[PDB]
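One line per chain: the protein sequences are Z and H, in this order. When we follow this note's numbering, the leftmost residue of the first sequence carries the number -6, and every step to the right adds one. When we follow this note's numbering, the leftmost residue of the second sequence carries the number -16, and every step to the right adds one. First up is the structure itself, then whatever we jot down about it.
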Amino acid sequence: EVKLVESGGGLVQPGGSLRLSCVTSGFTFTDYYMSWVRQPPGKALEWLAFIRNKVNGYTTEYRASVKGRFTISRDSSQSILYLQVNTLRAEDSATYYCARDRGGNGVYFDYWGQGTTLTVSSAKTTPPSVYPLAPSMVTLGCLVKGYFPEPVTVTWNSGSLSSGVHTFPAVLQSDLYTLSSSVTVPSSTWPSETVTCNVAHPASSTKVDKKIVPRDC
Amino acid sequence: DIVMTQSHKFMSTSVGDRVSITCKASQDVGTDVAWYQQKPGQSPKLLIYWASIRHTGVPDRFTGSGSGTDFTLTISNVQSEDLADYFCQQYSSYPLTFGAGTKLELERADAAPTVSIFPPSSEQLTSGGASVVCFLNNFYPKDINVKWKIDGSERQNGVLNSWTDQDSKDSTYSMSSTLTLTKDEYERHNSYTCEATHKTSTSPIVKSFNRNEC
Ligand SMILES: [Zn+2]
Ligand SMILES: [Zn+2]
Ligand SMILES: [Zn+2]
Ligand SMILES: [Zn+2]
Ligand SMILES: [Zn+2]
């Protein structure tokens, strides 16, 4: 049915410009209001703009703070919605949501896309360093240190080990993130069977495997 | 402009109970109010529009009510799949504004944390660094405090803390603490201690290791 997929996010330096995209499917695109909403870290959602349907002349309405900075538009022959952004500052870092609207001028958002994450900073992309954490039930782990920017995904045994896994959110310090993950397995399954954590950092094309081996002390 | 104020950022409840999430508007918005649900790592989902009309596919447990400035989203018979963030929205006047959200936390009996301490790995020591990690898993309630002790003295600089959200399986919380030092500094001390203060124990849970034994 209704489906929305956003693209265009990533790391961008301050003062730059870019265009976000939203590919829609499952409904007649030219018949519905479309909008953009952003979600800053630890802050309430902020509506940015919306554009009306064909019967209403495709007119636009903007948040006063973003007028002259942000531009919403539709593709001429495809079911794609765009959002042009310029003069980017660190405050623009957020998850940007594409949404289909209902209610006419009383706009509410009945279907949201998955969202695309934008990070505005001058910090340099850095790959992570993965360190093992070794000591009836035993707890192992992996330490991911010194990477930028987000995100980083962690699996255990290529996805086959999912029970008892705690992956903690990343913490920023001096323009570098730090993340850790823990797993608890029965002592009769380790180290008799291998336990390996997999770390992915697509911003630097990094994919590390780290086998957890027991220690002598 | 119009501000939607959700007075509670967190609300406690149990499975099978009834929850009322309130939302207060800065001025009269009539019934031009919508409600949404957002799970961690997922997109928002429309629950109610026009103050009281359930969206298609929304279960009958979610009900909206209110007129003017005070609105409420009531969830009868709370299920485990309702652990999420809930926020309101007004469309009486532009710009459209949202509430800050209210997260539903599940009630359960107390639980002491399982504490584990880890010395630095050979990979990091070869690079010249030394990080010590302390895992604190499956405790309740979420209120906890961790202190790092080096040779008996508390250390605060170089500590990084991180907390998980409520576990979707046992309704507990977890926390990780990483004390980062240089290799030279790490080799100049013996005992490294991670102390966990929790309401489940009158005395703190202590986990430590000695470098002389390794
Ligand atoms: Zn709808
Ligand atoms: Zn768990
Ligand atoms: Zn709380
Ligand atoms: Zn109205
Ligand atoms: Zn020292």
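Heads up, the beta-carbon is just placed ideally off N, CA and C, and yes, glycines get one too.
Is it right to say residue i is buried, meaning 16 or more other beta carbons lie within 10 angstroms of its own, or is it exposed?
i                  : result
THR146 (chain Z)   : exposed
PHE122 (chain H)   : buried
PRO27 (chain H)    : buried
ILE36 (chain H)    : exposed
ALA57 (chain Z)    : exposed
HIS(-9) (chain H)  : exposed
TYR51 (chain Z)    : exposed
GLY24 (chain H)    : exposed
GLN(-11) (chain H) : buried
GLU(-1) (chain Z)  : buried
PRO125 (chain Z)   : buried
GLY9 (chain Z)     : exposed
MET130 (chain Z)   : exposed
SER198 (chain Z)   : exposed
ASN195 (chain H)   : exposed
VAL(-5) (chain Z)  : exposed
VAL189 (chain H)   : exposed
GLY97 (chain Z)    : exposed
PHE70 (chain H)    : buried
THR109 (chain H)   : exposed
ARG208 (chain Z)   : exposed
Could you list which residues in chain Z have their beta carbon closer than 8 Å to that of residue i, in chain order?
i                : result
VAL116 (chain H) : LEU126, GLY134, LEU136, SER173
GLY84 (chain H)  : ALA37
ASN120 (chain H) : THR132, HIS159, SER175, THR177
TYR32 (chain H)  : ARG95, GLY96, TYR101, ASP103
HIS38 (chain H)  : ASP103
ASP11 (chain H)  : Here the premise fails: no neighbours, minimum Cβ distance about 15 Å.
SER154 (chain H) : Here the premise fails: no neighbours, minimum Cβ distance about 14 Å.
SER157 (chain H) : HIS159, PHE161, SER175
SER191 (chain H) : Those within 8 Å of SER191 (chain H) in chain Z number zero; the least Cβ separation is about 13 Å.
Along the chain, where does the alpha helix (DSSP H) containing residue i start, and where does it finish?
i                : result
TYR169 (chain H) : 166 to 169
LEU119 (chain H) : Premise fails: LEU119 (chain H) lies in the beta strand (DSSP E), 112 to 122, not in any alpha helix (DSSP H).
Residues of chain Z with a CB under 7 Å from the CB of residue i: which are they?
i               : result
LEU79 (chain H) : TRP40, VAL100
Starting from residue i, trace the beta strand (DSSP E) both ways and give me its first and last residue.
i                     : result
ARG12 (chain Z)       : 11 to 18
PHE101 (chain H)      : 97 to 101
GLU178 (chain H)      : 174 to 180
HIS159 (chain Z)      : 158 to 160
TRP18 (chain H)       : 16 to 21
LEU89 (chain H)       : 85 to 89
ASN144 (chain H)      : 142 to 146
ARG138 (chain H)      : 136 to 138
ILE(-15) (chain H)    : Counting along the chain, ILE(-15) (chain H) falls outside any beta strand (DSSP E), and DSSP gives it neither H nor E.
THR199 (chain Z)      : 199 to 204
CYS135 (chain Z)      : 130 to 140
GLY3 (chain Z)        : 3 to 5
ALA8 (chain H)        : 2 to 8
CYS210 (chain Z)      : Careful: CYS210 (chain Z) lies outside any beta strand (DSSP E) and carries neither H nor E.
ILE188 (chain H)      : 188 to 193
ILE31 (chain H)       : 28 to 32
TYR124 (chain Z)      : 122 to 126
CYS197 (chain H)      : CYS197 (chain H) -> no beta strand (DSSP E), and no H or E assigned at all.
residue 219 (chain H) : In this structure chain H extends from -16 to 197, so residue 219 (chain H) is not present and cannot be described.
By the criterion of Cβ-Cβ separation under 8 Å, what are the contact partners of residue i in chain H?
i                : result
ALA87 (chain Z)  : Chain H residues near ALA87 (chain Z): none, gap ~13 Å exceeds 8 Å.
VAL164 (chain Z) : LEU143, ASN144, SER145
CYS210 (chain Z) : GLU196, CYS197
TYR51 (chain Z)  : Per Cβ cutoff of 8 Å: no residues; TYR51 (chain Z) is ~18 Å from chain H at best.
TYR90 (chain Z)  : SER26, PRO27
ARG82 (chain Z)  : Within 8 Å Cβ-Cβ: nothing; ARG82 (chain Z) doesn't reach chain H, min ~20 Å.
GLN107 (chain Z) : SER26
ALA57 (chain Z)  : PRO78
For residue i, go through chain Z and note every residue whose CB falls closer than 9 Å to its CB, in chain order.
i                : result
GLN72 (chain H)  : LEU38, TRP40, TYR101, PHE102
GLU106 (chain H) : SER122, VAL123, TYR124, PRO125, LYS203
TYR169 (chain H) : Going along chain Z, no residue has its Cβ under 9 Å from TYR169 (chain H), so there is no contact; the nearest lies around 14 Å.
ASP15 (chain H)  : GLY96, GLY99, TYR101
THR161 (chain H) : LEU136, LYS138, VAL164, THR171, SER173
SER50 (chain H)  : The premise fails here: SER50 (chain H) is roughly 15 Å from chain Z at the closest Cβ pair, so nothing lies under 9 Å.
Under the assumption that residue i contacts residue j (Cβ atoms under 8 Å), give the Cβ distance between them as a whole number of angstroms.
i                  : j                 : result
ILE(-15) (chain H) : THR55 (chain H)   : With 8 Å as the limit, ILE(-15) (chain H) and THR55 (chain H) do not qualify as a contact, their Cβ atoms being about 18 Å apart.
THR161 (chain H)   : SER173 (chain Z)  : 6 Å
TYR104 (chain Z)   : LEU(-3) (chain Z) : 7 Å
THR171 (chain Z)   : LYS204 (chain Z)  : Not a contact, Cβ separation roughly 21 Å.
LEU111 (chain Z)   : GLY19 (chain Z)   : Not a contact, Cβ separation roughly 26 Å.
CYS91 (chain Z)    : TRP149 (chain Z)  : Not a contact, Cβ separation roughly 33 Å.
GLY13 (chain H)    : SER59 (chain H)   : That belief does not hold up - the Cβ atoms of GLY13 (chain H) and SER59 (chain H) are roughly 25 Å apart, past 8 Å.
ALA17 (chain H)    : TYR55 (chain Z)   : In fact, because the Cβ distance is near 20 Å, the residues do not count as touching under 8 Å.
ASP65 (chain H)    : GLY84 (chain H)   : Not really, about 14 Å apart at Cβ, beyond 8 Å.
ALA87 (chain Z)    : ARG31 (chain Z)   : 4 Å
Could you tell me which chain H residues have their CB closer than 7 Å to the CB of residue i, listed as they occur along the chain?
i               : result
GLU54 (chain Z) : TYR77
Any heavy atom of ligand 6 within a distance shorter than 7 Å of the CB on residue i?
i                : result
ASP148 (chain H) : Absent from the structure shown: ligand 6. Ligands present: ligand 1, ligand 2, ligand 3, ligand 4 and ligand 5.
Please list the segments of the beta strand (DSSP E) lying wholly inside the segment 29 to 110 of chain Z, counting only runs of 3 or more residues, in order along the chain. 39 to 44, 53 to 55, 63 to 67, 73 to 78, 87 to 95, 101 to 105
Continuous beta strand (DSSP E) assignments of at least 3 residues falling wholly in the segment 41 to 90 of chain H: 45 to 50, 53 to 58, 68 to 73, 85 to 89
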